[PDB]
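Listed below, chain by chain, are the residues.
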Amino acid sequence: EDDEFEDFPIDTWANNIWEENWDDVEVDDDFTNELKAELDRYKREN
Amino acid sequence: XXXXXXXXXXXXXXXXXXXXXXXXXXXXXXXXXXXXXXXXXXXXXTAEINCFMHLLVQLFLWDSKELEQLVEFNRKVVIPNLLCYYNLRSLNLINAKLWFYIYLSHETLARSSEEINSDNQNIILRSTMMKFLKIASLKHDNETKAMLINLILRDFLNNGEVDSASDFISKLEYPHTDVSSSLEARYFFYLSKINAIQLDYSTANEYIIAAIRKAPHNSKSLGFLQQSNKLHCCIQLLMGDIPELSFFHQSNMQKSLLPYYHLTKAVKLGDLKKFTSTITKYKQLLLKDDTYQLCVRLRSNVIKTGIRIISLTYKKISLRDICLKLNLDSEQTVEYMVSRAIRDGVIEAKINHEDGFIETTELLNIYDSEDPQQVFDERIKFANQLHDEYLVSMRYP
Amino acid sequence: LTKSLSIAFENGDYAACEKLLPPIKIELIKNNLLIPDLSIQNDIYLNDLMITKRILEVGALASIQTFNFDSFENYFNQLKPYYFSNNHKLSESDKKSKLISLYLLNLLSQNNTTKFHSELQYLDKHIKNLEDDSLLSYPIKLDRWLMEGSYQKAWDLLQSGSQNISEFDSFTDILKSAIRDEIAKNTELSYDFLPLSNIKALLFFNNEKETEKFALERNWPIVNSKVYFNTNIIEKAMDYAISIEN
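Residue numbers count from 1 along every chain, following the sequence as written rather than necessarily the entry numbering; any residue without coordinates is not displayed. Here the convention is simple: chains get letters from A, ligands get numbers from 1, in the order in which they are written. Any value quoted here refers to the chains shown, not to the larger assembly they are part of. The basis for the side-chain values is all heavy atoms of the structure; hydrogens and waters are excluded. Residues with missing side-chain atoms are left out of burial classes, side-chain pairs and their counts.

Method of determination, as given in the entry header: cryo-EM; reported resolution: 3.5 Å.

If you look chain B up in the PDB entry, it shows as 26S proteasome regulatory subunit RPN3 from Saccharomyces cerevisiae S288c. In the PDB, the entry goes by the title "Structure of the yeast 26S proteasome lid sub-complex". In the Function part of its UniProt record, chain B is described as follows: "Acts as a regulatory subunit of the 26S proteasome which is involved in the ATP-dependent degradation of ubiquitinated proteins." Quoted verbatim from the Sequence similarities field of UniProt, the annotation for chain B is "Belongs to the proteasome subunit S3 family." UniProt positions are given in the numbering used here, feature names are shortened, and annotations may be inferred rather than shown by experiment.

The name the PDB entry gives chain A is 26S proteasome complex subunit SEM1, with Saccharomyces cerevisiae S288c as the organism. Checking UniProt for chain A, the heading Subunit contains the comment "Part of the 26S proteasome. Associates with the nuclear pore complex (NPC)-associated TREX-2 complex and the COP9 signalosome. Interacts with CSN12 and THP3." Regarding chain A, the UniProt comment filed under Sequence similarities reads as follows: "Belongs to the DSS1/SEM1 family."

We now examine the overall build of chain A. Looking only at helices and strands, chain A has two helices and zero strands in total. Taking the principal axes of its C-alpha atoms as reference, chain A extends roughly 75 × 25 × 15 Å. For each residue, the accessible area found with a 1.4 Å probe, counting protein chains only, is set against the maximum for its type, and the residue is called buried under 20%, exposed over 50%, and partly exposed in between. Every one of the 46 residues in chain A was classed for burial, and the buried ones make up 13%. Carbon and sulfur atoms form 52% of the exposed surface of chain A, whose accessible area is close to 4,200 Å². For chain A, the separation between the mean place of its 4 positive charges and that of its 19 negative charges on side chains is 33 Å. Strands are runs of DSSP state E lasting at least two residues, helices are runs of H or I lasting at least four, and both sets are numbered from the N terminus onward. For every accessible area listed, the method is Shrake-Rupley and the probe measures 1.4 Å; residues are considered covered only by the protein chains on display. A positive count includes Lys and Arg, and a negative count includes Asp and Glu. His and the chain ends are not counted in either. For charged residues, the charge sits on one atom: NZ in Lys, CZ in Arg, CG in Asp, CD in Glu.

On to empty space enclosed by the protein. A probe as big as a water molecule, rolled over the atoms, marks out the empty space that is left. Cavities and pockets were defined on a 1 Å grid built over protein atoms only: a cavity is a set of grid points that admits a 1.4 Å probe from which the probe cannot escape, a pocket is an open set flanked by protein on both sides within 12 Å along at least five of seven lines, and lining residues are those with an atom within 4 Å of any such point. Grid points are joined across faces, edges and corners, and a volume is the space filled by probe spheres set on the points. The volume enclosed by the largest cavity comes to roughly 120 Å³. Surrounding the largest cavity, B:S300, B:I303, B:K304, B:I307, B:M337, B:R340, B:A341, B:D344, B:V346 and C:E148 form its lining. Mapped onto the lining of the largest cavity, the elements with two or more residues apiece are α17 (299–312) and α19 (331–343) of chain B. Broken down by element, the lining of the largest cavity gets its largest block of residues, four residues, from α17(B). Each residue belonging to the lining of the largest cavity can be placed in one class, and the counts come to five nonpolar, one polar and four charged. If you count residues domain by domain, the lining of the largest cavity takes at least three from each of domain 1 (1–314) and domain 2 (315–362) of chain B. Taken as a whole, the second largest cavity spans an internal volume of roughly 90 Å³. Every residue along the wall of the second largest cavity is listed here: B:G270, B:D271, B:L272, B:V302, B:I303, B:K325, B:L326, B:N327, B:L328 and B:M337. Basically, the charged four are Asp, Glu, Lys and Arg, the nonpolar ten are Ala, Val, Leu, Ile, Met, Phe, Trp, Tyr, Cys and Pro, and anything else, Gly included, counts as polar. Residue composition of the lining of the second largest cavity, grouped by class: six nonpolar, two polar and two charged. Each of domain 1 (1–314) and domain 2 (315–362) of chain B gives at least three residues to the lining of the second largest cavity. Domain segmentation is taken from an automatic or database assignment of domains.

Contacts: residue pairs with any heavy atoms within 4.5 Å of one another. Here two pairs of chains make contact, and the pair sharing the most contacts is chains B and C. Spatially, chain A and chain C are disjoint, and the shortest separation between their C-alpha atoms is 20 Å.

Right, let's talk about the sheet that holds strand β3 (residues 357–360) of chain B for a bit. Residue and element names in this part refer to chain B. Pairing between strands is defined by DSSP: at least two bridges between the two strands are required. Strand order in this open sheet of three strands is β1-β3-β2, and the pairing throughout is antiparallel. Lying at the two open borders of the sheet, with one neighbouring strand each, are β1 (316–318) and β2 (349–352). On average, adjacent strands in this sheet sit at an angle of 20 degrees to one another, irrespective of strand direction. To get an axis, fit a line to the C-alpha atoms, keeping to the stretch in contact for a helix; angles then go from 0 to 180 degrees between the N-to-C directions.

Shown next as structure tokens:
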């Protein structure tokens, strides 16, 4: 019960142990940096 | 020498299902070959093995990478040979491996150069394949039928004809019972596909799922799974159901799914410009298969997502702001799009026009009243006849 | 006969074309048993196919105004080998560029989406030299915008068919209505309450009275410019029981 599948070639190319939620790989990295500017930006005005 | 196997393979010439087994090792019987070993058959001469040795010629060439006289061979030789095999019943099973290659190089030949001689040739080709598709259909050889069917389907989709193939299926009955699971999954594959392009999704995920089940695995059977799944992600996505990450991490295949893994990140977020940008990024990559024009349909789905998220995260929003979050030009654009989303059973809102803000519907208490009675009742009954059904199909012991 | 069609379309009257076709259909039955399907791929044969194309072409173009739509699909089906057999000489006629687009648009008019996208996939590998969509963006784009659900651009295309204008104006009047119900069928569930001027704004009326024409046709009760769009428990118990003790 073996056939070559020569018709479907395996793709040719031109060249984290924990399971992830997507938002794991959201990983937008923003908040740490955006925050500080938000905090101080605020309290300079008040 | 090694030709003993060729003689030992001829010891498989006794009767009936031996051929099946005969084929199995013959799958790997092509590991060693020589032109002088060709002279073996020269000394070996019967016809029922004549076609088979022609198989060995094809296998020899295609593996040897020379396609010219392989197809040239298909014509000049196979046609004389083809007539003889028609009388035989056993030969039809053997020829399937034959046909499997016949089309192949020809298709592969199309990737060498463009000529209308290839056109007329392949018109003849398909024509024949339908001819003794009918002939074999009356001869009731399941395997060679299914194979041939698959080959002409693959022809329609190397062409652009989904419809001709569809109505073709409409008049088809498939040799279901006795098959090769690989051919079965080639069928379910093509089937699911064309059934999808026609914009009916909910039956496509079925046949492709079966193309996952019925397919073998090994190390060779990969590319079929790689390719299929490259489709399966598309259907799952169009239908509106995001696939889970582990679907994008499975085996070697995970290197190929990458653009799709850049689509869902685009889709789930519901941010159009990122989507479009990605489509431009990977476009050419997505063209090597035809999943492309499937994927470019998502522009509907993406926006649906955008609306649904803007809904779940806000009770009521001025149209202005939705139009900002979705980047769109005009509010007038919006309430067309949102008015659409509502009808589709997505948002469950209403729209305040004169102030122009969407308001999403609430849960409105009512527990102390009898509405939970009605609701629970419907759910109950619909649980019963599930129980019923599962006891009606239960009868078999 | 062979000059009769020349006199029909060169005549310029498409009812003269129309009823002038059936008498040609017979010599197209014999010649049909001769010329079409072009299997011979013969070089000197070029004349037969050259004429034949234009024959069916005015078959379709005439078929438009005459409501004969499906028929020329047939013709279009019959035309398929001609433009889609690769050649520079065979596939040229601009009646292609307008005709195909006409056909796609037909498919939209009939709300057959399956056939439509199937056709997209078809045309793709042939036209694959395709630059944007030159004329053909009209039906395509016309489809994508209503797929997404942004109509205003679509309606705009309906205003933009007049540049290349042909009798698909009729189709326009089809598609136009085909859109409005949508918005209607949309807005029915959208929100219950509209000022008449706003209905005019949505449905792309240039008229105030066409509105309540439509709304009556839609059965919408109208208030002065402003429209509005709108088992005992014991039993249940015994029901659960009798369902259990079967």
